[PDB]
Amino acid sequence: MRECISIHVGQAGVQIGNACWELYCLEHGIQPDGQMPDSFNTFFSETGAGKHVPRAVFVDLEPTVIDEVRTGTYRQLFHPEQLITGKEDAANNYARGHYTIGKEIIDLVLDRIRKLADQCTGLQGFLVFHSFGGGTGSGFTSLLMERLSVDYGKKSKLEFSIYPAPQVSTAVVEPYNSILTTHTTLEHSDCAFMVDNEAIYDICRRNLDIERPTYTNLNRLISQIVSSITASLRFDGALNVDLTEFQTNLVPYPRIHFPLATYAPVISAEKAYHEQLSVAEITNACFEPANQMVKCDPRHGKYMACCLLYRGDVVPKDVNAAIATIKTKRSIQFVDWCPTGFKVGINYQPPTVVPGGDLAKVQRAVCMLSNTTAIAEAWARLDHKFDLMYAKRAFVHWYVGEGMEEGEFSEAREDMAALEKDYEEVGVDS
Amino acid sequence: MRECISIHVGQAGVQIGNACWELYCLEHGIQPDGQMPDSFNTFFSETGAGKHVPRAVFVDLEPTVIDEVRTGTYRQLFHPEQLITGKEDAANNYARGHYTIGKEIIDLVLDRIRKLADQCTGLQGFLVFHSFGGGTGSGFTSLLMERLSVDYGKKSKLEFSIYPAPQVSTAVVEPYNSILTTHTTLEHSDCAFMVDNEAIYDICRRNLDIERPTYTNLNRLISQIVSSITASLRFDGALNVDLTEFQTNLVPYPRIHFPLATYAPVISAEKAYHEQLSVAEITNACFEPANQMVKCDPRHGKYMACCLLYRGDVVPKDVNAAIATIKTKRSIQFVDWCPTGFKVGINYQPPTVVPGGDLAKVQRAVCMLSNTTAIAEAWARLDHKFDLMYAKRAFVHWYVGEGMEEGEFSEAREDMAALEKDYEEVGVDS
Amino acid sequence: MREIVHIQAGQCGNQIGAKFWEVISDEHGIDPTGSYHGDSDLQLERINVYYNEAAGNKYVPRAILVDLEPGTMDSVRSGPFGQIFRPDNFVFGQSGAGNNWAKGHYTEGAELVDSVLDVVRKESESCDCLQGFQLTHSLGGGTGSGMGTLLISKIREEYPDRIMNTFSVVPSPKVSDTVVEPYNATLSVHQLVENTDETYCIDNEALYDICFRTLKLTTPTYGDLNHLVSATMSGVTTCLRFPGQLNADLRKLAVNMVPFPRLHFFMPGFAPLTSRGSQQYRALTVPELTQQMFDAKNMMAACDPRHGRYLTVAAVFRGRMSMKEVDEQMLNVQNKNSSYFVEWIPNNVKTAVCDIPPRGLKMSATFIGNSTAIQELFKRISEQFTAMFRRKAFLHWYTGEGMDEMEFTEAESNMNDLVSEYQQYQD
Amino acid sequence: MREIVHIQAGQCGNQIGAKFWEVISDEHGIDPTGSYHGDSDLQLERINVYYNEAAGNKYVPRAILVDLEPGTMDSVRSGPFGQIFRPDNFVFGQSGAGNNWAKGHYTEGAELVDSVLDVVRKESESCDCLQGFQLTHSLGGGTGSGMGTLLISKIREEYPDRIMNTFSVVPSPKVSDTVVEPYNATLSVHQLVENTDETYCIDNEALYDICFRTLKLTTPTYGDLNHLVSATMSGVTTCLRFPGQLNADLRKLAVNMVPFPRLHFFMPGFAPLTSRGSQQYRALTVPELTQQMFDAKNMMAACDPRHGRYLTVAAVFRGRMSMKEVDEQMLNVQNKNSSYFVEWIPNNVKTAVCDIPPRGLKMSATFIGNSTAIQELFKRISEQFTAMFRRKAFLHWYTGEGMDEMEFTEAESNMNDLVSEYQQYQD
Ligand SMILES: Nc1nc2c(ncn2[C@@H]2O[C@H](COP(=O)(O)CP(=O)(O)OP(=O)(O)O)[C@@H](O)[C@H]2O)c(=O)[nH]1
Ligand SMILES: Nc1nc2c(ncn2[C@@H]2O[C@H](COP(=O)(O)CP(=O)(O)OP(=O)(O)O)[C@@H](O)[C@H]2O)c(=O)[nH]1
Ligand SMILES: Nc1nc2c(ncn2[C@@H]2O[C@H](COP(=O)(O)OP(=O)(O)OP(=O)(O)O)[C@@H](O)[C@H]2O)c(=O)[nH]1
Ligand SMILES: Nc1nc2c(ncn2[C@@H]2O[C@H](COP(=O)(O)OP(=O)(O)OP(=O)(O)O)[C@@H](O)[C@H]2O)c(=O)[nH]1
Ligand SMILES: [Mg+2]
Ligand SMILES: [Mg+2]
Ligand SMILES: [Mg+2]
Ligand SMILES: [Mg+2]
């Protein structure tokens with residue numbers, strides 16, 4: 001029982017899933033070929049004798065990264081029908097990923113998801129990995145999420161997305177796709193975790209003193225975040241956090257389901273010896289505006305609800321002490337209508353380290369996921385870029401020619417505007 | 001006792017018989033030359049000392065197709081009296097196989113069947129293998145079933161066919177022969193299983209991931225289906241299905257005796273390792289449209305009776321669980337006048353693997369046989385092809401040039417019209 | 001066992017037949033002296049379809065060598081593989097038809113048809129289970145066209161239930177060799193319409209076009225043209241001579257390609273046909289065979305298939321190939337080119353697959369197509385005949401030895417009727 | 001799988017395409033005989049994008065070599081790697097355009113182009129999932145400009161949903177090879193405005209200037225220019241042919257660089273480019289690749305970007321590289337030079353990174369820039385055309401070939417409209 005299915009859409013989703021599954025295989029002792037020389041039943045299904053297949057699915061409209069997986073060192077882990085491949089890429093087009101190219105591959109991936117969901121008896125929910133910038137990771141993710149909403153319904157849907165940075169972005173037509181995918185993620189998602197590549201870069205440069213980090217380090221960090229998310233369900237702890245409890249504690253209003261994830265301590269090997277990494281100090285470092293993996297300022301935001309996921313040699317009393325110290329700090333403020341806003345989860349098992357990784361082995365680790373109003377500013381400048389590009393109707397034909405109209409561009413715009421209005425009116429004092 | 005006689009007529013019948021006899025010799029341990037280095041009495045009769053000769057007969061109007069058998073690996077399994085060759089092929093003519101060429105070879109096959117049936121003491125019935133498009137497999141099969149019905153009578157006559165595909169067809173006069181043969185297959189066959197070459201090719205392409213499957217793979221799948229049908233006679237299990245109770249459960253009305261075969265799990269070697277081949281999942285895979293052995297969608301038809309022939313490591317309780325899950329699925333529909341529509345047989349003998357075959361070794365296997373209304377539209381499109389070619393009297397001069405009349409074509413067409421009306425009025429609700 | 005009696009009429013017929021026996025003896029491993037020296041045992045169980053058993057493990061063809069000029073048979077005997085033939089099957093006069101259908105049919109054909117029929121009677125009664133006859137002839141001359149038509153008629157009253165197969169080189173407007181080609185061609189078609197079960201309309205123009213653009217052959221002699229025709233002739237009987245996944249004898253192709261008895265003029269072809277330098281760059285699979293054999297340039301008639309509709313087509317495939325690929329390729333051809341196929345005949349393609357390929361190639365296909373483009377090939381002959389017939393041109397020759405104007409009129413009427421019915425079923 | 005059909009028109013197009021095929025066979029490890037002799041499986045995991053699997057474990061390009069003079073065809077075949085091409089893809093006439101866009105687009109190129117359409121049709125049908133076509137041609141001649149423009153029109157008519165690529169060399173005012181360059185260029189640019197999905201404006205001035213000041217090459221011939229163009233062509237599709245941290249096929253660049261359908265004229269660029277004497281004095285790092293890409297001298301069109309505003313910029317990086325520093329470099333480029341980038345499009349630069357670098361270098365970058373500075377390249381062509389058009393100069397050749405003056409008038413109007421739209425999006 002107590003299973004959850006991972007969905008990886010787009011190049012970003014597939015690479016993050018590769019990192020996540022390498023981390024999971026390291027965690028549970030499963031070799032890359034599937035043999036383990038219990039608790040692994042959450043993410044792996046035992047087939048026959050001595051064979052574990054991950055409860056995953058890899059979807060792309062282009063065959064580059066999927067065939068890289070099919071020829072990589074984890075080629076024996078996944079069966080071929082688990083990795084679904086298109087022919088022509090969505091090419092950074094929400095229209096192409098949603099209407100023209102996504103329509104002939106959605107049925108097969110939904111069939112695979114169905115055959116993967118009836119196999120397990122305690123399906124907690126889905127983990128969709130994607131990116132807002134990509135045409136596939138926006139359009140096909142929106143299509144798959146609405147199909148999952150109409151099919152499964154009350155099953156939890158948790159998604160991990162790579163939100164574009166204010167300044168560090170690699171696509172010109174990016175804001176269009178980012179607005180469009182959120183227009184449906186507002187209603188087809190239960191909890192959308194937000195990650196900026198620029199913030200990962202800043203953390204890598206400062207904390208891990210990596211001068212030239214690439215996407216593999218980013219995916220390793222995101223994999224550590226997801227592992228800390230699912231550790232309370234894949235192991236035992238003093239305080240256990242389930243996905244339903246996570247949603248209940250973190251989401252105050254149905255449209256407000258965009259928390260910001262932070263992870264600590266994320267330090268190099270040479271810097272770990274000089275630091276006596278206590279629970280109180282990593283808890284403090286979680287609230288540091290420099291350690292957020294979303295490029296935003298919590299100081300000008302207001303916290304609404306935060307979930308503290310601890311793993312390692314952690315006892316509840318020092319957690320209570322750290323939370324009490326956090327409450328006494330005036331720089332971190334909470335909304336009035338939430339007198340208690342800390343969901344606490346303690347797990348005994350410590351976070352493992354991937355060989356060749358940049359992170360150092362730590363006795364304790366914290367993954368705080370705070371639902372705050374600091375992402376209103378993120379939505380604000382994404383919307384400003386969208387308006388500023390849409391005033392001249394640039395790149396609009398590249399969407400109109402693929403079964404799409406300007407009217408829904410405007411409706412996505414006004415839906416985003418209603419979203420910032422919602423955040424503003426829930427952030428006010430009473 | 002419990003012997004069965006296999007009749008292979010036409011090129012398709014003879015090749016499928018070669019596959020079937022290879023499969024049976026592998027199953028029972030019979031070497032190709034007829035020596036075993038009990039339960040084989042269903043199909044093989046022990047002769048003299050350490051020699052088993054199968055209860056078969058191979059009849060074709062051309063010598064060559066029998067001739068590779070007479071000089072192949074199984075030249076000593078048979079003896080030239082149940083291998084019968086004519087002089088001239090029927091040449092895709094039902095008329096030639098029924099009247100001009102059939103008349104001087106029908107007596108010899110008839111008395112060979114007599115000498116093969118008086119030998120055994122517990123003859124359950126006959127297995128006739130052919131196609132509908134071929135001249136021999138239509139005309140000579142019609143003549144032979146006439147003779148068998150007038151001679152044996154109450155004895156069962158199971159029929160295996162290669163239905164012409166909606167699109168994958170190799171004979172121009174194929175609809176003529178297919179319409180002509182059914183006019184006697186209706187009242188002379190107790191049960192007529194359908195196999196469509198296009199569906200088998202598509203199954204080999206998806207499930208068995210063969211880019212280029214020949215007739216030998218098609219015949220391997222057909223032989224596996226026939227072996228799964230006859231395993232109850234040839235072995236023992238928790239629930240056994242004889243041919244008589246098979247017909248009683250599967251045939252609701254005397255005209256409605258055309259069930260659809262399917263097999264599961266049909267997987268390659270590499271796909272078998274990562275698959276949890278449980279009873280429930282193969283039971284589900286039997287009912288999904290893509291593994292139907294005939295190109296027809298069961299979704300817009302309604303089932304009447306399904307015969308589930310489990311074999312391998314199967315216990316009845318998970319079979320009941322799988323059937324219960326099937327009954328709750330809205331997509332699968334059953335007629336109201338059949339409150340229970342599952343005849344289930346479980347056999348201990350696992351399906352063997354032919355050396356060099358594309359099928360993987362599996363613990364369990366299901367051959368589900370459903371009598372459904374999804375064959376109605378296949379017959380309707382065959383009628384459309386027939387009356388398209390018949391509005392212009394095309395190719396009719398070949399048939400009437402030997403002794404057939406126009407009334408034969410008219411009565412065959414009205415018989416199919418009546419049969420389609422019969423399915424329409426039996427599938428309607430009450 | 002399903003024997004075939006081969007007859008060759010005229011110089012062209014004898015040349016093409018000699019090349020056909022060359023390629024057949026190559027297929028079955030028969031040496032120039034007629035004795036077996038093959039390697040595979042598959043070359044002998046179906047040796048009787050074309051050969052007879054002689055004393056001392058010797059194989060002689062079931063061929064009748066018919067002509068009026070003895071020089072043609074002198075050349076055939078003197079050439080290679082030419083001594084394999086039976087000496088008394090060679091039947092000859094002394095005069096020569098003189099490019100006259102009239103003398104090839106009435107005045108010196110008749111005295112020779114008695115001997116020819118005696119020889120073919122001996123050959124047919126010798127064989128075990130006859131299935132039909134093969135005749136190779138051209139429509140331009142008087143021996144080929146005229147006497148082959150007469151011979152076909154005589155065989156038809158003597159063997160009406162056996163299949164009549166002919167391989168007829170028809171005249172072409174570009175490659176015109178004799179002046180009275182329209183007369184001989186029309187008079188010969190007047191009898192091939194109702195006396196033959198299938199006619200493979202060969203022509204020199206299309207063969208030369210093959211040897212130019214497809215084979216890139218610098219100086220194509222008649223040897224190469226006869227080689228192509230022999231390849232097609234071997235392809236149409238491969239299923240008789242060898243096993244296969246799908247087997248199709250002559251009668252099966254006839255019943256699958258003759259919706260109405262008069263439309264038995266087929267447009268043959270072969271694949272793959274590759275240049276010496278270009279064969280090294282070509283992938284060799286079923287789809288490329290399919291695209292070659294359906295290409296209008298590859299066809300062995302001077303009529304574009306795109307100008308008409310395919311009533312039926314045949315794909316006699318050879319070699320170890322997948323049946324899914326073959327049937328699917330035929331399906332794709334039928335679907336994406338629905339305008340080029342008759343709508344009232346679904347599944348316009350007849351497909352047969354053998355496993356023994358021609359020597360030197362691992363797979364080959366013989367395209368046979370019953371198209372409506374034969375109508376223009378016959379209209380060319382019809383209009384040339386009409387032009388030469390209004391002015392009574394050259395009629396004094398044919399009238400000089402028994403023919404009359406009404407026979408020419410009825411031949412033209414029959415050809416016009418056949419053209420009109422091809423047009424009618426084209427729609 | 002997203003395969004590309006390559007076409008070469010004219011002498012320059014044929015030479016550039018031959019050099020491109022040489023360098024891309026070197027990249028994929030294909031010997032001059034066509035067989036595979038590479039070391040990594042990544043050289044074959046995307047071999048179908050440009051090559052067709054021929055029988056014998058060897059490869060032939062999916063290229064059609066088109067000209068109107070057989071001399072260029074002979075030169076291409078006779079050179080190194082010239083045997084790899086399939087012989088039937090060599091399509092040529094006998095007369096030649098004679099620097100006449102009319103002879104290349106209306107009479108003689110029109111007569112020849114049916115064979116070219118047939119060959120590209122069979123190439124597009126043989127391949128699995130075609131994504132688009134690419135054509136290499138000039139604009140000064142009549143063969144390249146006119147006949148490639150006709151070919152583009154025919155291909156767009158037959159494949160309206162596929163992407164067009166044109167690595168087209170444009171005439172320049174200083175190195176002006178012929179007298180009628182602006183006529184040919186204007187007539188070609190007319191249909192290149194709408195019939196091409198994106199066009200790469202190259203010219204000999206910028207290539208010569210690179211070979212002078214960047215490569216420090218004393219006497220560069222056409223070979224070095226063609227090698228530069230080939231390197232850019234390979235770097236455009238390296239994301240299709242090889243994996244990477246961030247993939248970007250041609251359609252993705254098209255949607256990220258063409259805000260409005262008529263603005264698809266780009267200035268290509270390649271980095272790094274260093275002289276032999278300065279190879280050891282230069283640092284192997286990404287910021288200097290960015291500086292080499294974004295400076296005016298590395299552009300391969302004679303347009304200074306400082307005189308215009310960048311609309312969209314592409315940077316297809318190759319090799320094992322870090323993403324953080326690449327994104328930081330692009331951010332610094334867009335920040336220090338905000339005046340040179342269009343203001344109503346945030347994030348003017350799209351970045352793609354491939355892992356496989358070109359042979360002999362561990363790191364490389366391809367610059368593709370859509371800027372309003374292109375407008376002056378059309379200003380000079382338009383003013384030269386207008387100078388020759390007021391006096392009816394050289395028009396009698398085109399008029400006698402079948403054109404009319406109003407065609408020239410409307411082609412000029414089309415270019416003037418394009419220039420005006422570039423100016424009013426420059427602001
Ligand atoms: N494809 C071929 N055509 C040939 C060959 N030999 C001749 N022909 C053509 O046949 C046409 C006329 O047929 P023939 O010359 O054989 C005339 P035939 O001997 O049948 O009658 P007469 O010579 O009038 O007695 C003419 O166009 C020749 O070029 C050959 O080997 N192959
Ligand atoms: N970058 C290159 N430019 C070239 C090359 N060959 C020629 N050219 C230039 O291209 C221009 C003329 O192009 P071509 O000679 O190919 C003209 P084309 O054959 O397409 O037309 P016709 O001459 O009317 O047949 C002129 O400026 C030449 O100097 C080459 O290999 N590379
Ligand atoms: N953190 C992180 N982000 C990535 C990674 N790979 C791609 N991205 C982000 O994904 C965005 C573009 O989407 P992609 O995943 O690359 O492409 P896609 O989702 O398949 O959609 P298409 O553009 O149509 O191919 C970029 O803006 C990147 O920021 C990665 O490995 N790690
Ligand atoms: N599945 C399968 N079908 C076959 C095979 N061989 C022939 N067929 C089918 O049989 C149909 C035609 O009948 P054939 O078996 O070829 O010929 P026949 O039954 O001997 O009758 P004739 O036409 O007189 O030769 C074709 O449409 C094929 O689909 C085979 O080996 N496997
Ligand atoms: Mg992508
Ligand atoms: Mg047969
Ligand atoms: Mg003669
Ligand atoms: Mg030129």
Side-chain angles (χ1 to χ4, degrees), chain A residues 11-12 15 60 62-65 67-68 71 85-93 95-96 100 134-135 164-175 197-198 200-202 204-205 210-218 381 384-386 388-399 401, chain D residues 1-2 41-42 45-46 128-131 161 163 239-261 285-286 311-315 320-328 330-331 334-335 342-355 425:
Chain A
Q11 175 155 13
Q15 292 178 176
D60 272 320
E62 65 267 35
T64 58
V65 293
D67 277 298
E68 190 276 331
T71 61
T85 309
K87 292 183 183 293
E88 289 191 58
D89 192 359
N92 267 326
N93 209 337
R96 278 181 59 81
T100 65
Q167 296 294 321
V168 169
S169 178
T170 181
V172 182
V173 75
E174 204 281 331
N197 277 353
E198 184 174 345
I200 312 288
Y201 293 147
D202 189 358
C204 285
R205 189 190 32 92
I210 303 166
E211 291 189 339
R212 281 82 65 193
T214 187
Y215 284 166
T216 182
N217 293 265
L218 274 55
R381 74 279 190 190
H384 174 71
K385 288 164 83 169
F386 171 84
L388 188 153
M389 185 179 288
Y390 191 67
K392 300 295 186 292
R393 296 291 185 269
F395 309 99
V396 175
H397 69 96
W398 278 119
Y399 292 76
Chain D
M1 294 299 291
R2 311 175 300 175
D41 291 331
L42 303 169
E45 61 86 20
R46 295 266 156 275
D128 172 47
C129 168
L130 190 137
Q131 74 156 348
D161 68 301
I163 54 179
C239 294
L240 279 149
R241 304 180 290 106
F242 289 114
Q245 287 69 240
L246 189 152
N247 297 115
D249 69 320
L250 320 183
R251 191 177 304 280
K252 186 183 287 185
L253 281 72
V255 309
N256 281 295
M257 293 177 70
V258 186
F260 308 96
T285 195
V286 181
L311 290 172
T312 44
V313 171
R320 188 270 299 164
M321 284 165 57
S322 164
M323 298 312 273
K324 181 267 290 181
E325 55 86 19
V326 162
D327 287 330
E328 172 74 27
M330 295 296 172
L331 174 58
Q334 281 198 70
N335 286 354
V342 68
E343 61 86 20
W344 39 272
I345 292 182
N347 189 359
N348 299 283
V349 178
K350 177 204 172 51
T351 305
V353 167
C354 176
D355 50 17
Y425 291 165

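Reminder, nothing fancy here: chain letters follow the sequence lines and each chain counts from 1. As a basis for the values below, the full set of heavy atoms in this structure was taken, side chains included, without hydrogen atoms, waters or symmetry mates.
The two residues D:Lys350 and A:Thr170 have their closest heavy-atom pair at CG-O, 3.3 Å. Smallest separation of non-hydrogen atoms from A:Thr64 and D:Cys239: CG2-O, 4.5 Å.
Interatomic distance, A:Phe395 CZ to D:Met257 CE, rounded to the nearest 0.5 Å: 9.5 Å. To the nearest 0.5 angstrom, D:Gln245 atom CD is 9.0 Å from A:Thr216 atom OG1. Going from atom CE of D:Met1 over to atom CD of A:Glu88 covers 9.0 Å, rounded to the nearest 0.5 Å. The distance from the CE atom of D:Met330 to the CD atom of A:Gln167 is 15.0 Å, given to the nearest 0.5 Å.
Contacts with chain A were tallied for D:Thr351, D:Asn256, D:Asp327, D:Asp41; D:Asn256 has the most, counting heavy-atom pairs under 4.5 Å. Heavy-atom pairs under 4.5 Å with chain A were tallied for D:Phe242, D:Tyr425, D:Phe260; the largest tally goes to D:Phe260. Across A:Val396, A:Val173, A:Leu218, A:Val65, the residue that shares the most heavy-atom pairs under 4.5 angstrom with chain D is A:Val173. For the options D:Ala254, D:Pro243, D:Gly244, D:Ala315, heavy-atom pairs under 4.5 Å to chain A are most numerous at D:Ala254. Most heavy-atom pairs under 4.5 Å with chain D, from the set A:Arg205, A:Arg96, A:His397: that is A:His397. Listed options D:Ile345, D:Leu331, D:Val255 were ranked by heavy-atom pairs under 4.5 angstrom with chain A; first place goes to D:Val255. Annotation: maximal heavy-atom pairing with chain D below 4.5 Å, among A:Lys385, A:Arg393, A:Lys392, occurs at A:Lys392. In terms of non-hydrogen atom pairs under 4.5 Å with chain A, the most contact-rich of D:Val258, D:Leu250, D:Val326, D:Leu311 is D:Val258.
For a residue to count as touching a neighbouring chain, one of its non-hydrogen atoms must lie under 4.5 Å from one of that chain's; by this rule A:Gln15 touches chain D with the side chain only. For chain D, the nearby part of A:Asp67 is the side chain; its heavy atoms alone come within less than 4.5 Å. Proximity to chain D (any heavy atom under 4.5 Å) is restricted, for A:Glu211, to the backbone atoms N, CA, C and O.
Residues A:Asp89 and D:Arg2 are not paired through a salt bridge, judged by the lack of any N-O separation under 4.0 Å between the basic side chain and the carboxylate.
Checking side-chain atoms of A:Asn92 against main-chain N and O of D:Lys252 turns up no donor-acceptor pair under 3.5 Å.
Judged purely by distance below 3.5 Å, without hydrogens or angles, the side chains of A:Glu62 and D:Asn247 never pair a donor atom with an acceptor atom.
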